[PDB]
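Participant: First the structure, then my questions, so here it is.
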Amino acid sequence: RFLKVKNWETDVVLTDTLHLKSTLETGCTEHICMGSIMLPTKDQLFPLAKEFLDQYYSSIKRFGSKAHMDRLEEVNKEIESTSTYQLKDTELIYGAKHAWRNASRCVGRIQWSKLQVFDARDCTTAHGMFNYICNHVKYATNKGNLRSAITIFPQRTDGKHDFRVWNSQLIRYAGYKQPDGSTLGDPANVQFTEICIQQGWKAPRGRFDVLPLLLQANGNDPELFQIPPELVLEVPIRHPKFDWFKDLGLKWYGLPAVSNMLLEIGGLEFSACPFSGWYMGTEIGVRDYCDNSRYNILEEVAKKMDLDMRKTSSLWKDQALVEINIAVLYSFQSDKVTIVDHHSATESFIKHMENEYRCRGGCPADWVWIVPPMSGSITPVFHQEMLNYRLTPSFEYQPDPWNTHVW
Amino acid sequence: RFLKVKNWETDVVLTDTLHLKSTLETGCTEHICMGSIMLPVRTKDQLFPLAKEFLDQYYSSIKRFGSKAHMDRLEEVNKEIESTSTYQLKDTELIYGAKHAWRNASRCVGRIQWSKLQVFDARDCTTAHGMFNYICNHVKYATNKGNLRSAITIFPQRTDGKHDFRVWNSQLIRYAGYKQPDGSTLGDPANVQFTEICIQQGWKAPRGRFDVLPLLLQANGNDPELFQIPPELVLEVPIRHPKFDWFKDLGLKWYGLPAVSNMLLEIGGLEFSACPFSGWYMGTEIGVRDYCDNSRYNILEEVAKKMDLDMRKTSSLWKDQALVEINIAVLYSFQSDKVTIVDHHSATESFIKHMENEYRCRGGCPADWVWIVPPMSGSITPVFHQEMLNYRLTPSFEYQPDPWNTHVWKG
Ligand code: HEM
Ligand code: HEM
Ligand SMILES: COc1ccncc1CCCNCc1ccc2ccc(N)nc2c1
Ligand SMILES: COc1ccncc1CCCNCc1ccc2ccc(N)nc2c1
Ligand SMILES: C[C@H](O)[C@H](O)[C@H]1CNc2nc(N)[nH]c(=O)c2N1
Ligand SMILES: C[C@H](O)[C@H](O)[C@H]1CNc2nc(N)[nH]c(=O)c2N1
Ligand SMILES: OC[C@@H](O)[C@@H](O)[C@H](O)[C@H](O)CO
Ligand SMILES: [Zn+2]
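Line order of the protein sequences matches chains A and B.
Just so you know, our numbering puts 213 at position 213 of the first sequence, and the rest follows in order with no gaps.
To convert, take the position in the second sequence, counting from 1, and add 1000; that gives our numbering.
Now the structure itself:
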């Protein structure tokens, strides 16, 4: 019931007490581990509100204070009357920061306390959402000196008035299926693109078309908007040694801004809560570029390098992989756009983890997601035992809105 | 209950029904996943249902379930258990069991090979000298002059837990490690403790960087005895690089035969505490883990200097660059010397096919993603994108405590 995690490289054991406070299910049982599976009323509300307010008031050294009891009382009253309740600004900021702190799949959590929270609960229309989103993008991008941010739209009411950003990230490239049978652009984004076209987007049918926003306010039908091109910071990808690399026509955007998750704070649900940090190089160079069902450029790069692609044992894929990732980091650094390599990031996470164990009693972590997609065991997280469990406030996945939407 | 797994690269969906046969526990609960945790004297009471479960599986596999031979065997075993408190497996059952322990090993990426395993029955062994002879024979057979053949040698099962057969080595072939007074380590730091034990037991150590350890062998619960494997039986491969001529001067080599010797084999409730087994290497075990772990030989820096990489900032990816070149060298060297080895691309590709075959014909394939995914270039192998279900089936290979921590010394 009290658990130890060992680092097998350093021999440091840490003791987890925090897992006891876990509330949500993992998907695992005593007979089966599902660790690698990607996606495993007023009566319900108040204990959740209570559990949250208790941790909030504990955090400000005011546990068991009249202010604590008063607020608890106030919220309870508001739930009885209105069936929901409204978070104070302080509580919303605390909750958003703690959702990130609790994200067991996030390697960048050493940054969790430095998050700019934009309260957009006064938003009523998709045009308003667009304005708020543009402001977010500009603030977060900051001419390449990226700053973590989240923008929070009104909370779910009866579920038939949801605010949703239909896009999976604020900035992403379109995908088009060809008659030639191939895929042009990002294969990951074919279905969403089609939805944009159905709604009236005029597609430039290119390889790197920044997608338009499809924004849904108050459960109403979603609308299209184009992010001002001047707010979208992109990076041409070149290699520091290979002059030919620039001829591949590759570029990526600076701002990773996830827009399809659900933020849960104190039992309240924020279905529209786009947030952004900055990239770890491997997200672009390993996954975005080298995944088979993404841009899948390994073969092309391998050829320009003139490698023996006869036999897998020459490790030509592994060689091309490293060079692609060298280029990504080189390109962002050269243009002064914030990026972190997987060595620096995992090293930071180990220090964060030690901090959290020391000051919080633990740190929920998903090893399958925390270990980078290349060079795994030469990063310190590979050798670190981790415990995965679910704490609230939390970021949750939610269904894509089109499967849900009563048009 | 049906469980689905999805491959996120191909959208192939498999359905698992085999997990229903899982009996043993995982370590996880509905509140916590222990998936990344390395490690999360029986009564006749529990023994017969375990024997019976196994024998039912055996007889089904040979299409003789419910047969007179089946029923007679169950009867025979029950009598033997109730009169002698244990039982003996037939040679056929032992072979079936060893192959299935391997088939069931969720951490093993090499399981496409499971049905091809040479089983050496050493249950007639009585002394450490006897164990030494059996192990020499296993090494020579398995090595086969570089054309590696998977094999397992099985010593007598546990009785009262006071007469255990144990191989004290973690692997039959492994390099010594010596802690120096200045805090540095010579040889393999992984084996410092075992090396000290060998030295204490009488081993005269050469004190070099790649000294093959002596065998420390325990028969019938007696104090263990030291033997040296004949050098002519130890196949080694000097490591060189196909393009880089300075790589040979790093002075690296490795042994050809990975032969794990500290696991416990459970078949039908019987415990085989000494069951050394061997296959062949996947290149990354040597090139990534053995050579590049900070707590092992740790050669990344030296290699990186010789390549003249920019080592001032991690974002140059110098470590990643050196790591690939080292792994190329390992594969090149083994192939050049005609010693069996498999690269991580081939091995993971083969495992996916194995896993799919197992889903269709067996209803599942328990797999530990954390261990299956190779320690370099993870997501450019197909296993990274494959969802897996981890659960425990018997027969199985289990961890056991190191014998120096439990052994009662006779003196
Ligand atoms: C500031 C720099 C940040 C870095 C370097 C970083 C790094 C990462 C990486 C590499 C992943 C794995 C993503 C993938 O493989 O698809 C991840 C996941 C995640 N991040 Fe962070 N992150 C950062 C900021 C943030 C912020 C500001 C938030 C929220 C406020 C956040 C919340 C999450 C969540 C919820 C996941 C899991 C997403 C999922 O399950 O799909 N991250 N992060
Ligand atoms: C034939 C070629 C084989 C290959 C290429 C192979 C490959 C591997 C690899 C790479 C690992 C991970 C080891 C580590 O990272 O420490 C592993 C684990 C394992 N292998 Fe295989 N293997 C082979 C044969 C065998 C055989 C013959 C057996 C038993 C009869 C076996 C049983 C196991 C077991 C029980 C594990 C888990 C070890 C642990 O938990 O520490 N393997 N295998
Ligand atoms: C459920 O997971 C999937 C299912 C299908 N396709 C793709 C996925 C991957 C999910 C994408 N999550 C992607 C993400 C989330 C948060 C981040 C925060 C910072 C950062 N640098 N990158 C992030 C990247
Ligand atoms: C619980 O075990 C550990 C814990 C911490 N450090 C190290 C270890 C040792 C893990 C060693 N597994 C070692 C092994 C076992 C079977 C194999 C079969 C074939 C093969 N090519 N390699 C194997 C390699
Ligand atoms: C099947 C497996 O869970 C899946 O491929 C996971 C593996 N680890 C990952 N890790 C990160 N950071 N991101 C991912 O999308 C995935 N995908
Ligand atoms: C902490 C973590 O479980 C540990 O480092 C694991 C990770 N995956 C592994 N995978 C393999 N094949 N071998 C290992 O030793 C490990 N070590
Ligand atoms: O020096 C002794 C070690 O080799 C030994 O303790 C192993 O690490 C252990 O047996 C796990 O394989
Ligand atoms: Zn689990």
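For each residue, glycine too, the CB sits at the ideal point set by N, CA and C.
Terminal residues of the continuous alpha helix (DSSP H) containing residue 1118 of chain B?
Facilitator: Here residue 1118 of chain B belongs to no alpha helix (DSSP H); instead the beta strand (DSSP E) covers 1118-1121.
Participant: Does the count of Cβ pairs from the region 1182-1190 of chain B and the region 1224-1243 of chain B closer than 8 angstroms reach three?
Facilitator: The region 1182-1190 of chain B is not in contact with the region 1224-1243 of chain B.
Participant: Assuming residue 1172 of chain B contacts residue 1276 of chain B under a Cβ cut-off of 8 angstroms, what Cβ separation, rounded to an integer in Å, is found between them?
Facilitator: About 6 angstroms; that satisfies the 8 angstroms criterion.
Participant: Over what stretch of residues does the beta strand (DSSP E) that includes residue 1254 of chain B continue unbroken?
Facilitator: Start and end: 1253-1255.
Participant: Here's a check: name, in chain order, each residue in its chain whose Cβ is nearer than 7 angstroms to the Cβ of residue 1039 of chain B, leaving out the five neighbours to either side.
Facilitator: 1399.
Participant: Let me know the secondary structure DSSP gives residue 1165 of chain B once reduced to three states.
Facilitator: Looking at residue 1165 of chain B - three-state DSSP - the assignment turns out to be coil, as it is neither helix nor strand.
Participant: What do you reckon, are the CB atoms on residue 338 of chain A and residue 144 of chain A nearer than 9 angstroms?
Facilitator: Closer than 9 angstroms, so yes.
Participant: Based on the DSSP output, what are the partners of residue 1016 of chain B in its beta bridges?
Facilitator: Residue 1016 of chain B pairs with B:1003.
Participant: Whole angstroms are fine: how far does the CA of residue 1125 of chain B sit from the CA of residue 1346 of chain B?
Facilitator: Their backbone Cα atoms lie some 38 angstroms apart in a straight line.
Participant: Going by the DSSP bridge assignment, what does residue 265 of chain A pair with across the sheet?
Facilitator: Note: residue 265 of chain A sits in a beta bridge opposite A:268.
Participant: Taking the CB atoms as reference points, tell me whether residue 1330 of chain B and residue 1286 of chain B lie closer together than 9 angstroms.
Facilitator: Cβ distance < 9 angstroms, so residue 1330 of chain B and residue 1286 of chain B count as in contact.
Participant: Quickly, what does DSSP pair residue 177 of chain A with across the bridge? List them, please.
Facilitator: According to DSSP, which records beta bridges pairwise, residue 177 of chain A is partnered with A:183.
Participant: Could you list the residues in the region 36-57 of chain A with a C-beta less than 7 angstroms from some C-beta on chain E, going in chain order?
Facilitator: Of the protein chains in this structure, namely A and B, none is chain E.
Participant: Just checking: is the beta-carbon of residue 382 of chain A within a distance shorter than 9 angstroms of some beta-carbon in chain B?
Facilitator: Answer yes: the Cβ-Cβ gap between residue 382 of chain A and chain B drops below 9 angstroms somewhere.
Participant: Measure the CB-CB distance between residue 461 of chain A and residue 1033 of chain B and report whether it falls below 9 angstroms.
Facilitator: This structure cannot settle anything about residue 461 of chain A, because the visible part of chain A is limited to 1 through 407.
Participant: Below 9 angstroms between beta carbons is the criterion; list the residues of the region 1332-1356 of chain B that meet it against any residue of chain A, in chain order.
Facilitator: Answer in chain order: 1332, 1335, 1341, 1342, 1343, 1344, 1345, 1346, 1349.
Participant: Could you check if residue 1071 of chain B is buried or exposed, using at least 16 other CB atoms within 10 Å of its CB as the buried criterion?
Facilitator: Per the 10 Å Cβ criterion, exposed.
Participant: Check whether the region 255-274 of chain A touches the region 382-402 of chain A, taking contact to mean three or more Cβ pairs, one atom from each stretch, closer than 8 angstroms.
Facilitator: Contact between the region 255-274 of chain A and the region 382-402 of chain A is present, because at least three Cβ pairs lie under 8 angstroms.
Participant: Beta-carbon within less than 8 angstroms of residue 1295 of chain B's beta-carbon, same chain only, minus the 5 sequence neighbours each way: which residues are those?
Facilitator: Once the five neighbours on either side are set aside, the close Cβ partners of residue 1295 of chain B are 1189, 1190.
Participant: Rounded to whole angstroms, what's the CA-CA distance from residue 1449 of chain B to residue 1142 of chain B? Just pull it up for me.
Facilitator: As shown, chain B starts at 1001 and ends at 1411. That puts residue 1449 of chain B outside it, with no answer to give.
Participant: When every heavy atom of ligand 4 is checked, does at least one fall within less than 8 angstroms of the C-beta of residue 1108 of chain B?
Facilitator: Result yes, Cβ under 8 angstroms from ligand 4.
Participant: Between which residues of its own chain and residue 219 of chain A is the CB-CB distance below 7 angstroms, once the five residues before and five after are set aside?
Facilitator: Taken in chain order, the residues that qualify are 160, 161, 162.
Participant: Residue 1001 of chain B to residue 269 of chain A, Cα distance in whole Å?
Facilitator: Rounded to whole angstroms, residue 1001 of chain B to residue 269 of chain A spans 32 angstroms at the Cα level.
Participant: On the three-state DSSP scale, how would you describe residue 1062 of chain B?
Facilitator: Looking at residue 1062 of chain B - three-state DSSP - the assignment turns out to be coil, as it is neither helix nor strand.
Participant: Please list the partners that residue 373 of chain A has in chain B, where partner means a Cβ-to-Cβ separation under 7 angstroms.
Facilitator: Under the 7 angstroms cutoff, chain B gives 1378, 1379, 1384.
Participant: Which residues, in chain order, does the region 306-321 of chain A contribute to contact with chain B at a C-beta distance below 8 angstroms?
Facilitator: Answer set for the region 306-321 of chain A: 312, 313, 314, 315, 317, 318, 319, 321.
Participant: List the endpoints of the continuous alpha helix (DSSP H) containing residue 203 of chain A.
Facilitator: Taken as a continuous stretch (DSSP letters only), residue 203 of chain A belongs to no alpha helix (DSSP H), as it is neither H nor E.
Participant: So residue 1415 of chain B is in the alpha helix (DSSP H); what residue range does that whole segment cover?
Facilitator: Given a span of 1001 to 1411 for chain B in the structure shown, any question on residue 1415 of chain B remains unanswerable.
Participant: In terms of residues, what are the limits of the alpha helix (DSSP H) holding residue 349 of chain A?
Facilitator: Per DSSP, residue 349 of chain A belongs to the alpha helix (DSSP H) from 342-359.
Participant: Per the DSSP calculation, residue 384 of chain A is bridged to which residue(s)?
Facilitator: Answer by DSSP bridge pairing, in chain order: A:7.
Participant: Relative to the C-alpha of residue 352 of chain A, which residue among A:375, A:80, A:88, A:384 is closest?
Facilitator: The residue with the shortest Cα to Cα distance from residue 352 of chain A is A:384.
Participant: Taking only heavy atoms of ligand 2 into account, decide whether any of them is closer than 8 angstroms to the Cβ of residue 93 of chain A.
Facilitator: Outside the cutoff, so no.
Participant: Confirm the yes/no value for this check: CB of residue 149 of chain A, any heavy atom of ligand 3, distance under 8 angstroms.
Facilitator: No.
Participant: Please state whether the Cβ-Cβ distance between residue 210 of chain A and residue 229 of chain A is less than 9 angstroms.
Facilitator: Yes, these two residues count as a Cβ contact at 9 angstroms.
Participant: Would you call the region 1040-1057 of chain B and the region 316-326 of chain A in contact, with 3 or more CB pairs under 8 angstroms?
Facilitator: Output reads no: the region 316-326 of chain A does not touch the region 1040-1057 of chain B.
Participant: Could you work out which residue in A:231, A:245, A:403, A:278 is closest to residue 303 of chain A when comparing CA atoms only?
Facilitator: When each option's Cα is compared against that of residue 303 of chain A, the closest is A:245.
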